[PDB]
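# Examination of the molecular architecture
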4 protein chains.
Amino acid sequence: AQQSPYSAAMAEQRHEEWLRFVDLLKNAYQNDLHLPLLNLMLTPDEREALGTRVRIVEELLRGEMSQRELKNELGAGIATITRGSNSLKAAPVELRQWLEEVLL
Amino acid sequence: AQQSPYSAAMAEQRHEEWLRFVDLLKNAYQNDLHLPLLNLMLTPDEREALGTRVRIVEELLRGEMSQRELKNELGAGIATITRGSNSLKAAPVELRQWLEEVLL
Amino acid sequence: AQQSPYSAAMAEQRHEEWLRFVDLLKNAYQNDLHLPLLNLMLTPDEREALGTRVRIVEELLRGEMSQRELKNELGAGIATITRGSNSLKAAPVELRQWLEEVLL
Amino acid sequence: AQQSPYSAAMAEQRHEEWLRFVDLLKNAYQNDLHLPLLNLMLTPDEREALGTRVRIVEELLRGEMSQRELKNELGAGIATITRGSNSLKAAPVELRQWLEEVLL
DNA sequence: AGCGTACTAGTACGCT
DNA sequence: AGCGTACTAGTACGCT
Ligand SMILES: N[C@@H](Cc1c[nH]c2ccccc12)C(=O)O
Ligand SMILES: N[C@@H](Cc1c[nH]c2ccccc12)C(=O)O
Ligand SMILES: N[C@@H](Cc1c[nH]c2ccccc12)C(=O)O
Ligand SMILES: N[C@@H](Cc1c[nH]c2ccccc12)C(=O)O
């Protein structure tokens with residue numbers, strides 16, 4: 001939400017800035033300053049939502065439990081598992097297969 | 001927005017789920033799959049908000065422009081600059097001083 | 001609003017000046033002069049904002065009403081409840097659990 | 001600032017709530033939870049402003065330096081010393097004289 | 001359906 | 001005079 005422009009016009013300024021973040025975080029990891037950087041850059045709520053999403057993504061690829069079970073284990077809405085499910089469908093083959101290795 | 005509990009109870013699990021994210025992303029960067037991973041894990045809006053926060057944090061450390069100017073440059077609400085400002089106050093000395101190197 | 005520095009520089013002096021306040025107020029309570037001391041030391045507006053914050057913090061721990069409700073009851077902006085909410089998230093376990101005793 | 005009503009009407013709700021704070025802090029001091037309580041209740045900026053005010057009040061009573069000097073030592077505006085000066089004028093005799101003991 | 005929370009809008013006010 | 005920041009207004013959006 002950033003006053004939703006859907007405008008091809010400047011959805012561009014708010015991407016090169018995102019890449020600047022991606023790069024800075026990159027250095028942070030290398031200097032071991034990623035944790036405080038992520039504490040500075042994300043809110044507590046964002047960090048938690050992210051915790052849940054990795055579990056969802058992991059378990060989905062794992063496929064050892066129905067989505068209804070996953071939702072119970074995590075205390076999540078089913079909508080949130082579907083978001084992971086559809087996103088995963090769109091992820092590149094490379095990413096999906098690398099995830100099934102590290103995450104499994 | 002996950003049933004806000006402040007609950008000493010399990011803010012640890014979701015916290016441990018969050019650390020699982022931190023580690024995975026760590027690997028992603030190392031394997032050069034961070035970009036799609038972050039495209040899979042965050043929504044377009046989160047990516048953008050993050051772009052703006054790096055700018056805010058950078059310009060605040062830089063301290064060459066008032067916050068009223070920063071707000072006009074970024075098209076942000078003053079409240080968002082204050083969140084960065086207060087957060088920065090809370091950041092570790094280590095982090096603030098490294099940011100002022102890479103980010104300046 | 002005192003020349004926001006984040007400056008490792010002297011955030012200790014002003015911090016040590018702040019601790020001088022904490023100790024003086026301590027004495028005030030013990031001698032029953034806290035009320036005028038607090039009338040001397042804070043402005044009318046700070047006292048009032050503080051009244052609203054205790055309510056927010058109390059009601060959030062209590063967790064019996066939604067934040068939309070809290071906001072109407074108190075005539076506050078939602079942003080002010082979120083500040084309380086996030087602040088509470090960061091409070092030590094000792095504090096949150098004692099608050100839930102005296103404040104509930 | 002709380003949308004400035006000057007209205008004798010409800011400047012009252014936003015006083016009994018303030019007394020609730022004064023009382024809660026009281027307990028906090030007794031149980032040694034005043035520090036985290038004050039970290040939860042005040043913003044960083046409020047704590048710092050408070051450090052400066054105690055110094056101002058102490059030094060004014062002390063009267064060993066002109067106000068122009070005080071201002072330099074503290075890096076304060078002269079307006080801020082005048083607020084202290086005028087407030088001190090209005091403080092009860094009891095308070096002023098107790099201050100001159102503990103603070104001097 | 002409801003709820004928590006980050007955000008752009010634009011104020012007041014304590015400070016230097 | 002200028003500046004930092006807490007606030008009421010009311011949005012969007014991720015969540016359960
Ligand atoms: N940790 C910050 C995250 C944040 C939100 N908005 C920001 C703007 C700038 C920098 C950081 C932030 C917070 O919880 O408030
Ligand atoms: N890219 C995903 C991000 C996401 C949101 N919720 C999720 C839950 C699980 C995994 C990913 C997500 C999206 O925009 O929808
Ligand atoms: N420490 C809190 C102080 C605060 C501001 N607004 C609040 C509302 C409720 C409770 C605490 C607060 C902060 O800096 O944000
Ligand atoms: N009661 C004082 C609070 C105050 C503001 N600035 C100060 C400076 C010094 C001492 C007290 C103060 C007032 O409303 O003005």
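Residues numbered from 1 in each chain as written, not as in the entry; some residues may be left out. Chains lettered and ligands numbered in written order. Heavy atoms only, no water.

As deposited, the entry is annotated with X-ray crystallography as its determination method and 2.400 Å as its resolution.

## Details of the packing of helix α3 (residues 44-62) of chain D against helix α5 (residues 78-90) of chain D
Residue and element names in this part refer to chain D. One can describe the packing of α3 onto α5 by two numbers: an axis separation of 9 Å at closest approach and a directional angle of 65 degrees. Once α3 is placed against α5, the crossing between them reads as right-handed. For the pair α3 and α5, the contacting residues are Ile56, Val57, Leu60 and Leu61 in the first and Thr80, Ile81, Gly84, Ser85 and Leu88 in the second. (Axes fitted to C-alpha atoms, helices over the stretch in contact; angles between N-to-C directions. Helix = DSSP H or I, 4+ residues; strand = E, 2+ residues; numbered from the N terminus. Left-handed = near helix turned anticlockwise from the far one by under 90°. Contact = heavy atoms within 4.5 Å.)

## Digging into the pattern of salt bridges
Across all of its chains, the model carries 29 salt bridges over all chains by this definition. Salt-bridge contacts for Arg55 of chain A lead to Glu59 of chain A; the nearest nitrogen and oxygen are separated by 3.3 Å. With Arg55 of chain A and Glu59 of chain A both in helix α3 (residues 44-62) and four residues apart, the pair spans about one turn of that helix. In this pair, the class of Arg55 of chain A matches that of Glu59 of chain A, namely buried. Note that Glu73 of chain B and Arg55 of chain B form a salt bridge whose closest N and O atoms lie 2.9 Å from each other. You can see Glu73 of chain B sitting in helix α4 (residues 67-74) and its partner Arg55 of chain B sitting in helix α3 (residues 44-62), a full 18 residues away along the chain. The buried category is assigned to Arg55 of chain B, whose relative accessible area is 13%. Within the structure, one salt-bridge network assembled from shared partners comprises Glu17 of chain A together with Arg55, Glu59, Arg62, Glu64 and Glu73 of chain B. (Salt bridge = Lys/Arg side-chain N within 4 Å of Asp/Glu carboxyl O. Buried < 20%, exposed > 50% of the residue type's maximum accessible area, 1.4 Å probe, protein only.)

## A word on the side chain of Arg14 of chain B
Its place among the elements puts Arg14 of chain B in helix α1 (residues 13-31). As a buried residue without a salt bridge, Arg14 of chain B has its nearest oppositely charged side chain in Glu17 of chain B, at a separation of 4.2 Å. Those residues in contact with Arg14 of chain B that lie beyond four places of it in its chain are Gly51, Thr52, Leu74 and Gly75 of chain A together with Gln2 of chain B. (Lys, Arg positive; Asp, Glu negative; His and termini not counted.)

## Some words on the site of ligand 3
The environment of ligand 3 is formed by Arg53, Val57, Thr80, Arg83, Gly84 and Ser87 of chain C together with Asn39, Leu40, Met41, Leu42, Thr43 and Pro44 of chain D. With respect to ligand 3, the side chain of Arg83 of chain C contributes an N or O atom lying 3.1 Å from an oxygen atom. At 3.4 Å, a side-chain N or O of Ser87 of chain C approaches an oxygen atom of ligand 3. Relative to its unbound accessible area of 360 Å², ligand 3 is 90% covered by the protein chains. Of all elements in the fold, only α3 (44-62) and α5 (78-90) of chain C together with α2 (34-41) of chain D reach the threshold of two or more residues within the shell around ligand 3. When residues in the shell around ligand 3 are grouped by element, the largest group, four residues, is from α5 of chain C. Of the residues that constitute the shell around ligand 3, the class distribution is five nonpolar, five polar and two charged. (Near = heavy atom within 4 Å. Polar contact = N/O pair within 3.5 Å; in protein donor to acceptor, adjacent residues only side chain to side chain. Areas by Shrake-Rupley, 256 points an atom, 1.4 Å probe, with all protein chains shown as cover. Nonpolar A, V, L, I, M, F, W, Y, C, P; charged D, E, K, R; others polar.)

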